[PDB]
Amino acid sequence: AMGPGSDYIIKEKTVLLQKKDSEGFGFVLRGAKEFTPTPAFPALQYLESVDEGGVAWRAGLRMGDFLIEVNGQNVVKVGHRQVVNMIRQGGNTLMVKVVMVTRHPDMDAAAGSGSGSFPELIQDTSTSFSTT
């Protein structure tokens, strides 16, 4: 439809993690221990944090990623213990499909403007204030 808003940007990625038996994947999983997935909250388990430089980090995962599938099994509505079970049953390899959801201002014209209805997302840019 026409009009402005805060759109949902759904950024999806399937990631392969391979670790040593002596390692962790380097993330903290958090989620619920009747649910409806939505863009605002697309799965019950998500990454609370990702160790900088660990396996998960180096393979691309980041805090806030929602877990969609674990080793090709859907985990969108699965409880915490059971999702933890699947990562356990997968051993030193984990294929995980995740989504990052962000909101993004869309300045598309309102109805009656005669303009088109596609998103007009504002242009972002980044500037590092990192030490390195």
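Heads up: residue numbers just count along the shown sequence, starting at 1.
Going from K33 to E34, the model skips 4 to 9 deposited residues, which lack coordinates. Once the C-alpha B-factors are averaged per stretch, 98-106 and 43-51 rank with 43-51 first.
Comparing 66-74 with 82-90, the stretch with the higher mean C-alpha B-factor in the PDB entry is 82-90. Per the deposited record, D21 carries the highest C-alpha B-factor of all listed residues (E12, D21, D124, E120). Among the modelled residues of the chain, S130 sits in the middle third by CA temperature factor in this PDB entry.
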